[PDB]
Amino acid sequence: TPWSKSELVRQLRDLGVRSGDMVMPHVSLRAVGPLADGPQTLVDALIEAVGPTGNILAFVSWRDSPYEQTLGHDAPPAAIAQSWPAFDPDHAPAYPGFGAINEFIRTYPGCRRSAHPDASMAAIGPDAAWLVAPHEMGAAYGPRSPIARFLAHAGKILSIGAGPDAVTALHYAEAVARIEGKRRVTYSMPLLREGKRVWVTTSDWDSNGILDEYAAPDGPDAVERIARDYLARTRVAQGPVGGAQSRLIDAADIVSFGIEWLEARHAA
């Protein structure tokens, strides 16, 4: 029988979500199973669990981000440049591969959305505006990004049936790790500035593998390796949300662990 909002809220409380919390979810809706009113039921449950003083931050990205189409070029290729839609945060759908729940999060009334078209983050709650801006090209997941502020805001990572590769906040550890050989990428995004499309080309850390040995197309990347080690080494609340095995992780702790993990393995 499909899970009700009330059942999910009680499960989230059992896992350790408290009123006032700052939560970043990563969700496998297949693992959760049928919901009374579809994915919105779980969105509503998350909002209720964090309460009117809590916040939700999600890495939603953009369905039509021209990442692969501009990757490695010093400017967008001509055909891309002429016709690609500018990123419009009010209308641009979420990237389906990071979870079908994210389109429901980003369309929730009052949700705020960050300006980085490829790394776009959505936030709900009183601190949403502070979470989502600034989010500049060249600062996808590291210092000055919404992830940085999430880590300073007592953030908890709520993994609902998601794998250890799903932990976006660990890209902050990659960004700041004092290690040799870090990979960078160059890509271009079409932004709206005063109503006009402006192409911006930037470089940033490679979020598909910070070192060559972590950059196989189907990983494991460093995020996955760090998170697997961390979860083998740390007490973390575990329990069901819907039908999904779930975990509630202290974000600052896992990121600090990840910085140490990288720096212990790779020369400066």
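Numbering starts at 1 and runs along the sequence shown.
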Which of the two stretches, 27-35 or 62-70, shows the higher mean Cα temperature factor in the record?
27-35
So, looking at the entry's B-factor column for Cα atoms, which has the higher mean, 73-81 or 136-144?
73-81
Based on the PDB record, which member of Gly155, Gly125, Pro117, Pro109 exhibits the highest Cα temperature factor?
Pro109
Note to self: of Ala177, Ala169, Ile105, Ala162, the C-alpha temperature factor tops out at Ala162
The third of the chain into which the C-alpha temperature factor of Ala215 falls is the highest
Name the third of the chain's ranked CA B-factors that contains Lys182, choosing lowest, middle or highest.
middle
Ranking the modelled residues of this chain by C-alpha B-factor as given in the entry, is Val50 in the lowest, middle or highest third?
lowest
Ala92 CA temperature factor, ranked by third within the chain:
middle
Among all modelled residues of this chain, ranked by Cα B factor, put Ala173 in the bottom, middle or top third, i.e. lowest, middle or highest.
lowest
